[PDB]
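Peer 1: My questions all concern the structure below.
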Amino acid sequence: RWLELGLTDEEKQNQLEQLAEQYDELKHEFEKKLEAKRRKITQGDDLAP
Amino acid sequence: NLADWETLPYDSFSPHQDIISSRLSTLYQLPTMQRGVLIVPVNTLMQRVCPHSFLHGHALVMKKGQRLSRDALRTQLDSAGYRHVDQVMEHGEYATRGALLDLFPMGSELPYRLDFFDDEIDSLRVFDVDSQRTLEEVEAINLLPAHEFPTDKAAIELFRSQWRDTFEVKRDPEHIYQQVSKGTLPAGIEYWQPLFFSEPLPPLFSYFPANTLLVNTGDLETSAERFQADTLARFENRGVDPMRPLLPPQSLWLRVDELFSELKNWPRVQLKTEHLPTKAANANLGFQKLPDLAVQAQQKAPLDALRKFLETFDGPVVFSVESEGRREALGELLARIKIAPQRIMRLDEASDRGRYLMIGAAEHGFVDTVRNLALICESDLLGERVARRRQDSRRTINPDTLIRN
C-alpha cells in the first residue's frame with residue numbers, strides 16, 4: 001500500500017495508478033510465463049522415427 | 001408532481017432517466033414560477049440537487065435561423081454528454097444522418113431534427129420515434145444536457161479529487177472510481193453524485209423564491225426520521241461492500257432538526273384530520289366525512305341509504321365520475337332513484353338542492369357545512385374501487401412490443 005495515499009488532484013496520482021497497473025501486469029506476466037516455461041520444459045521432445 | 005427515483009435507499013441500480021429528465025424540468029422550472037403548485041414528499045424533499053446556475057449554464061437554446069456548424073453543436077452535445085445511439089429511444093441520445101442530427105433532449109417530451117446547412121440551423125422538426133415520421137415544426141429548442149450531472153474531463157478529475165479525499169481505491173476494475181476514471185456510467189452511481197461539488201449540495205429550498213408556499217400533512221418529521229433510520233440501516237448493510245463505497249447520509253440528505261430550521265424560513269399551513277384546540281391560528285373548517293352509502297344489492301334497496309341521505313340533505317350533491325364511460329353506469333343507477341344530476345365542470349356554480357357531477361376519480365364523498373354541499377364517489381358506493389399499480393408512468397415490463405421488437 002503505496003497506492004491509495006491521499007495525493008493532490010493531478011497527473012501524479014494518475015501515474016501512481018499507471019505504475020500499480022503495470023505492477024499487476026508484471027504479476028500476470030509472471031503467472032503466465034512461469035507456467036509457460038513449466039510446460040515447455042516438461043513436454044515431450046520431437047524425434048526421428 | 002416532483003416524482004422521485006423510486007429506488008432503494010442505497011440502491012444498486014439506475015432509476016428511469018425520463019422522469020429524472022422531467023424532474024430536471026422541475027429543476028429547470030422551480031425558481032421561475034409565478035403560480036401553480038409542486039408537490040414533494042419529504043424523502044423526495046431530502047435530495048439536495050445541483051445548482052440552477054449549473055443547470056442554466058449547461059442548458060442552452062438553439063433557434064430557427066441560427067448560424068451553427070453541425071459538428072460544433074455535436075461537440076456541444078459531447079459537452080452535454082449525449083449518448084451516441086444508432087437508433088435513439090430515450091433522453092440524451094443522438095444519431096448522425098447526413099446533415100440531419102437526430103436527438104431526443106432531456107427537457108422535452110419529443111425528439112428533434114436539425115438538418116444544418118452552411119454553418120446554419122436550417123430546420124427544427126419533431127416526430128414520434130415509434131412513428132419515426134415528422135410531426136411538426138418548432139422554431140426554437142431549449143436543450144437540457146443529457147444528465148443532471150457533469151461527466152466531462154474536469155468533472156471526472158474533480159470527482160477523482162473528492163474521491164481520493166474520501167474513499168479508498170483499489171486496482172480492481174469494477175471499482176466505482178475506476179469506471180468514472182474511464183468515463184463510463186455505473187448503475188448505482190446516483191447516490192455518489194455529491195462527488196462533483198466543493199460545496200455541499202444545495203437543497204431545493206435553495207431554489208425556493210419568496211412567493212412559494214409550504215403545506216404540511218402530518219408529523220412528516222416522524223416519517224423523515226423513519227427514513228433516516230431505514231437509510232442508515234442501509235448505510236451499515238451496504239456499507240460493508242468494498243466494491244460500492246457509501247457516502248455520508250448527511251452528505252446526501254438533510255437532517256430533520258436542521259431541516260425544520262430551514263422550514264422556519266417560509267410560511268407553512270399544516271393539515272390535520274383531527275380537530276384542533278381553540279388556540280390562535282387554528283381553523284377547523286366545516287367539513288364532515290359523509291356516512292357510507294354503499295350499494296346493498298342483495299335486498300330490494302341498495303339505494304335507500306342514499307335516499308334518506310338525500311332528503312335530510314339541503315344542498316348540491318355533486319358526483320365524482322371516473323369517466324364518461326363510467327357515467328351511464330351512474331345513469332344505470334340514477335334512474336333507480338328518480339333523480340339525475342346535471343354535468344358541470346365549475347365547482348362554484350353549485351346552488352341550493354342542485355344535483356351536479358364532474359368527471360373526476362375522487363376518493364370519497366363528503367358534507368360541506370359552509371356551502372352545505374354533498375359529494376359522492378365510486379369508492380363510497382361500489383366498495384373499494386381500488387386500482388392496482390403494476391408500474392410507474394415511464395417504464396414497465398414489455399410483454400407485447402419488446403419480444404416483437
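Letters A, B, ... go to the chains of the C-alpha cells in the order shown; residues in each chain start at 1; ligands are counted from 1 in the same order.
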Using only C-alpha atoms, determine which residues of chain A fall within 12 Å of chain B; present them as number ranges by chain.
Peer 2: A: 1-14, 16-25
Peer 1: Give the helix (DSSP H, G or I) residues of stretch 98-188 of chain B, as assigned by DSSP on the backbone, as a list in words.
Peer 2: residues 153, 154, 155, 156, 157, 158, 159, 160, 161, 162, 163, 164, 165, 166, 176, 177, 178, 179, 180 and 181 of chain B
Peer 1: Just write the chosen residues, N, CA and C atoms, as a JSON list (two decimals), in the first residue's frame.
Peer 2:
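Dumped everything to part19.json:
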[["chain", "number", "residue", "atom", "x", "y", "z"],
["B", 153, "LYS", "N", -14.26, 16.09, -18.61],
["B", 153, "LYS", "CA", -12.91, 15.79, -18.14],
["B", 153, "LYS", "C", -12.63, 16.47, -16.80],
["B", 154, "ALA", "N", -13.05, 17.73, -16.65],
["B", 154, "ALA", "CA", -12.87, 18.43, -15.39],
["B", 154, "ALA", "C", -13.73, 17.80, -14.31],
["B", 155, "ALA", "N", -14.95, 17.40, -14.69],
["B", 155, "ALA", "CA", -15.85, 16.72, -13.76],
["B", 155, "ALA", "C", -15.24, 15.43, -13.26],
["B", 156, "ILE", "N", -14.66, 14.65, -14.17],
["B", 156, "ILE", "CA", -14.04, 13.38, -13.81],
["B", 156, "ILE", "C", -12.85, 13.61, -12.90],
["B", 157, "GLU", "N", -12.04, 14.62, -13.24],
["B", 157, "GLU", "CA", -10.85, 14.91, -12.44],
["B", 157, "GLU", "C", -11.22, 15.35, -11.03],
["B", 158, "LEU", "N", -12.21, 16.23, -10.90],
["B", 158, "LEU", "CA", -12.54, 16.71, -9.56],
["B", 158, "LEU", "C", -13.32, 15.66, -8.79],
["B", 159, "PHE", "N", -14.06, 14.80, -9.49],
["B", 159, "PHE", "CA", -14.57, 13.58, -8.89],
["B", 159, "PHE", "C", -13.44, 12.79, -8.26],
["B", 160, "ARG", "N", -12.38, 12.57, -9.03],
["B", 160, "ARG", "CA", -11.25, 11.78, -8.56],
["B", 160, "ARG", "C", -10.59, 12.45, -7.37],
["B", 161, "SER", "N", -10.56, 13.78, -7.39],
["B", 161, "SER", "CA", -10.10, 14.59, -6.27],
["B", 161, "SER", "C", -10.89, 14.28, -5.00],
["B", 162, "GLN", "N", -12.20, 14.53, -5.03],
["B", 162, "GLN", "CA", -13.02, 14.35, -3.84],
["B", 162, "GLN", "C", -13.06, 12.89, -3.41],
["B", 163, "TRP", "N", -13.00, 11.97, -4.38],
["B", 163, "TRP", "CA", -12.96, 10.55, -4.11],
["B", 163, "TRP", "C", -11.71, 10.18, -3.35],
["B", 164, "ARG", "N", -10.54, 10.59, -3.83],
["B", 164, "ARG", "CA", -9.34, 10.22, -3.11],
["B", 164, "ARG", "C", -9.17, 11.04, -1.84],
["B", 165, "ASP", "N", -9.92, 12.12, -1.68],
["B", 165, "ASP", "CA", -10.07, 12.69, -0.35],
["B", 165, "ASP", "C", -10.83, 11.76, 0.57],
["B", 166, "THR", "N", -11.87, 11.12, 0.06],
["B", 166, "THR", "CA", -12.83, 10.44, 0.92],
["B", 166, "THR", "C", -12.66, 8.94, 1.02],
["B", 176, "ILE", "N", -15.75, 1.86, -8.49],
["B", 176, "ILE", "CA", -16.58, 2.97, -8.96],
["B", 176, "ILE", "C", -15.69, 4.08, -9.50],
["B", 177, "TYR", "N", -14.65, 4.39, -8.72],
["B", 177, "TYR", "CA", -13.58, 5.29, -9.12],
["B", 177, "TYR", "C", -12.99, 4.88, -10.46],
["B", 178, "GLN", "N", -12.84, 3.57, -10.69],
["B", 178, "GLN", "CA", -12.21, 3.11, -11.93],
["B", 178, "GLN", "C", -13.09, 3.36, -13.15],
["B", 179, "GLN", "N", -14.40, 3.06, -13.08],
["B", 179, "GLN", "CA", -15.16, 3.33, -14.31],
["B", 179, "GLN", "C", -15.36, 4.81, -14.53],
["B", 180, "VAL", "N", -15.46, 5.60, -13.46],
["B", 180, "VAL", "CA", -15.61, 7.03, -13.69],
["B", 180, "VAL", "C", -14.31, 7.62, -14.20],
["B", 181, "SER", "N", -13.18, 7.05, -13.78],
["B", 181, "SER", "CA", -11.90, 7.41, -14.39],
["B", 181, "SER", "C", -11.84, 6.95, -15.84]]
Peer 1: Leaving out residue B:110 and any residue of its chain fewer than 6 positions from it, which residues lie within 8 Å of it when counting only C-alpha atoms, given as a ChimeraX atom specification?
Peer 2: /B:104,126-128
Peer 1: Would you pick out the contacts of residue B:342 at 10 Å or less, using only C-alpha atoms, so that residues sharing its chain but fewer than 5 positions from it are not included, and give the list as a list in words?
Peer 2: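 In the requested format, the answer is residues 318, 319, 354, 355, 356, 357 and 358 of chain B.
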Peer 1: Could you list, as a PyMOL selection string, every residue within 10 Å of residue B:216, counting only C-alpha atoms and ignoring same-chain residues fewer than 4 positions away?
Peer 2: chain B and resi 41+220+268-272
Peer 1: Using only C-alpha atoms, please write the residues we just selected to a file, as a compact mmCIF listing (two decimals), in the first residue's frame.
Peer 2:
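Saved the output as part_29.txt:
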# COMPACT_ATOMS: atom_id res chain seq x y z
CA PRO B 41 -42.62 14.12 -0.28
CA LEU B 220 -43.72 14.38 8.50
CA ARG B 268 -46.48 26.85 6.14
CA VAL B 269 -50.04 25.70 6.51
CA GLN B 270 -50.43 22.47 8.46
CA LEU B 271 -53.21 19.95 7.87
CA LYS B 272 -54.72 17.59 10.44
Peer 1: Just list the residues in stretch 160-352 of chain B DSSP gives strand (DSSP E) on the backbone, as a PyMOL selection string.
Peer 2: chain B and resi 214-217+268-271+287-289+317-321+342-343
Peer 1: Next, write the just-selected residues to a file, as a compact mmCIF listing (two decimals), in the first residue's frame, keeping N, CA, C and O atoms as the atom set.
Peer 2:
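And here is the file that came out, out-v4.txt:
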# COMPACT_ATOMS: atom_id res chain seq x y z
N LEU B 214 -45.62 26.50 1.60
CA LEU B 214 -45.35 25.18 2.15
C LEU B 214 -46.59 24.66 2.85
O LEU B 214 -47.16 25.35 3.70
N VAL B 215 -47.03 23.46 2.49
CA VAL B 215 -48.24 22.90 3.06
C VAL B 215 -47.93 21.51 3.61
O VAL B 215 -47.45 20.64 2.88
N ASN B 216 -48.24 21.30 4.88
CA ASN B 216 -47.91 20.11 5.63
C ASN B 216 -49.15 19.24 5.77
O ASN B 216 -50.26 19.75 5.94
N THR B 217 -48.94 17.93 5.78
CA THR B 217 -49.97 16.98 6.18
C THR B 217 -49.30 15.88 7.00
O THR B 217 -48.77 14.92 6.43
N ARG B 268 -46.16 28.25 6.33
CA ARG B 268 -46.48 26.85 6.14
C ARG B 268 -47.84 26.60 6.76
O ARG B 268 -48.08 26.98 7.90
N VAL B 269 -48.73 26.06 6.01
CA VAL B 269 -50.04 25.70 6.51
C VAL B 269 -50.06 24.21 6.81
O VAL B 269 -49.78 23.39 5.94
N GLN B 270 -50.45 23.85 8.03
CA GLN B 270 -50.43 22.47 8.46
C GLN B 270 -51.84 21.90 8.44
O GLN B 270 -52.81 22.59 8.77
N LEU B 271 -51.94 20.61 8.10
CA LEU B 271 -53.21 19.95 7.87
C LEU B 271 -53.35 18.74 8.78
O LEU B 271 -52.49 17.86 8.80
N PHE B 287 -66.21 20.71 7.56
CA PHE B 287 -66.34 19.59 6.65
C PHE B 287 -66.45 18.29 7.42
O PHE B 287 -65.71 18.06 8.39
N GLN B 288 -67.37 17.44 6.98
CA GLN B 288 -67.55 16.11 7.55
C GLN B 288 -67.35 15.06 6.46
O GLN B 288 -67.71 15.27 5.30
N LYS B 289 -66.77 13.94 6.86
CA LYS B 289 -66.88 12.74 6.06
C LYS B 289 -68.34 12.34 5.95
O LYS B 289 -69.05 12.26 6.95
N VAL B 317 -75.58 18.13 -4.50
CA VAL B 317 -74.92 16.84 -4.42
C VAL B 317 -74.19 16.64 -5.73
O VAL B 317 -74.83 16.47 -6.78
N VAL B 318 -72.87 16.66 -5.69
CA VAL B 318 -72.05 16.58 -6.88
C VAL B 318 -71.35 15.23 -6.88
O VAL B 318 -70.99 14.70 -5.82
N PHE B 319 -71.21 14.63 -8.06
CA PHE B 319 -70.80 13.25 -8.20
C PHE B 319 -69.49 13.20 -8.95
O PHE B 319 -69.41 13.63 -10.11
N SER B 320 -68.45 12.69 -8.30
CA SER B 320 -67.20 12.45 -8.99
C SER B 320 -67.33 11.20 -9.84
O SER B 320 -67.72 10.13 -9.36
N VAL B 321 -67.01 11.33 -11.13
CA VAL B 321 -67.20 10.27 -12.10
C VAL B 321 -65.85 10.02 -12.74
O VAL B 321 -65.21 10.96 -13.22
N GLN B 342 -77.06 17.27 -13.30
CA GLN B 342 -76.57 17.97 -14.48
C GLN B 342 -75.05 18.04 -14.43
O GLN B 342 -74.48 18.46 -13.43
N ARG B 343 -74.40 17.62 -15.52
CA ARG B 343 -72.95 17.63 -15.57
C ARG B 343 -72.42 19.06 -15.53
O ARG B 343 -72.91 19.95 -16.24
Peer 1: Can you pull out every residue within 8 Å of stretch 49-54 of chain B, counting only C-alpha atoms, but drop anything in the same chain fewer than 2 positions away, and send it as a PyMOL selection string?
Peer 2: chain B and resi 27-28+47+56-58+148-149+201-204+207
Peer 1: Could the residues in this selection be written to a file with N, CA and C atoms, as an mmCIF file, in the first residue's frame?
Peer 2:
data_model
loop_
_atom_site.group_PDB
_atom_site.id
_atom_site.type_symbol
_atom_site.label_atom_id
_atom_site.label_comp_id
_atom_site.auth_asym_id
_atom_site.auth_seq_id
_atom_site.Cartn_x
_atom_site.Cartn_y
_atom_site.Cartn_z
ATOM 1 N N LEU B 27 -36.444 20.916 -11.978
ATOM 2 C CA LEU B 27 -35.216 21.597 -11.613
ATOM 3 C C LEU B 27 -34.969 22.777 -12.530
ATOM 4 N N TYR B 28 -35.277 22.615 -13.815
ATOM 5 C CA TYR B 28 -35.206 23.738 -14.733
ATOM 6 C C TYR B 28 -36.253 24.774 -14.381
ATOM 7 N N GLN B 47 -33.424 15.081 -1.221
ATOM 8 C CA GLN B 47 -32.435 15.083 -2.296
ATOM 9 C C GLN B 47 -31.987 16.520 -2.538
ATOM 10 N N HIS B 56 -28.445 26.235 -15.660
ATOM 11 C CA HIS B 56 -28.686 27.346 -16.565
ATOM 12 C C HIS B 56 -27.507 27.581 -17.486
ATOM 13 N N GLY B 57 -26.294 27.442 -16.960
ATOM 14 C CA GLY B 57 -25.130 27.472 -17.822
ATOM 15 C C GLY B 57 -25.106 26.289 -18.766
ATOM 16 N N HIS B 58 -25.545 25.134 -18.284
ATOM 17 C CA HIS B 58 -25.468 23.954 -19.119
ATOM 18 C C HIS B 58 -26.617 23.865 -20.099
ATOM 19 N N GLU B 148 -28.166 15.217 -15.233
ATOM 20 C CA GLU B 148 -28.152 16.306 -14.268
ATOM 21 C C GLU B 148 -26.720 16.539 -13.835
ATOM 22 N N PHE B 149 -25.834 15.640 -14.233
ATOM 23 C CA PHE B 149 -24.600 15.612 -13.609
ATOM 24 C C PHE B 149 -23.505 15.742 -14.645
ATOM 25 N N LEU B 201 -24.358 19.924 -1.348
ATOM 26 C CA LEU B 201 -25.417 20.023 -2.341
ATOM 27 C C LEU B 201 -26.525 20.947 -1.870
ATOM 28 N N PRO B 202 -26.890 21.955 -2.651
ATOM 29 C CA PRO B 202 -27.952 22.858 -2.245
ATOM 30 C C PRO B 202 -29.284 22.139 -2.217
ATOM 31 N N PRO B 203 -30.112 22.433 -1.227
ATOM 32 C CA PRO B 203 -31.453 21.862 -1.204
ATOM 33 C C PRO B 203 -32.339 22.549 -2.219
ATOM 34 N N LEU B 204 -33.500 21.938 -2.432
ATOM 35 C CA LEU B 204 -34.493 22.533 -3.310
ATOM 36 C C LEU B 204 -35.024 23.821 -2.710
ATOM 37 N N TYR B 207 -33.438 26.609 -4.100
ATOM 38 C CA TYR B 207 -34.136 27.041 -5.299
ATOM 39 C C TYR B 207 -35.336 27.920 -5.006
#
Peer 1: Just the residues within 12 Å of residue B:371, please, counting only C-alpha atoms, with nothing from its chain fewer than 4 positions along; format it as an MDAnalysis selection string.
Peer 2: chainID B and resid 285:287 313:317 347:353 366:367 375
Peer 1: What is the atom CA of residue B:114-atom CA of residue B:102 distance in Å, reported with one decimal?
Peer 2: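 Those two atoms sit 6.9 Å apart.
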Peer 1: What does the distance between atom CA of residue B:361 and atom CA of residue B:39 come to in Å, to one decimal place?
Peer 2: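 Separation between atom CA of residue B:361 and atom CA of residue B:39: 18.9 Å.
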Peer 1: For atom CA of residue B:359 and atom CA of residue B:325, quote the distance in Å rounded to one decimal.
Peer 2: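 Atom CA of residue B:359 sits 10.0 Å away from atom CA of residue B:325.
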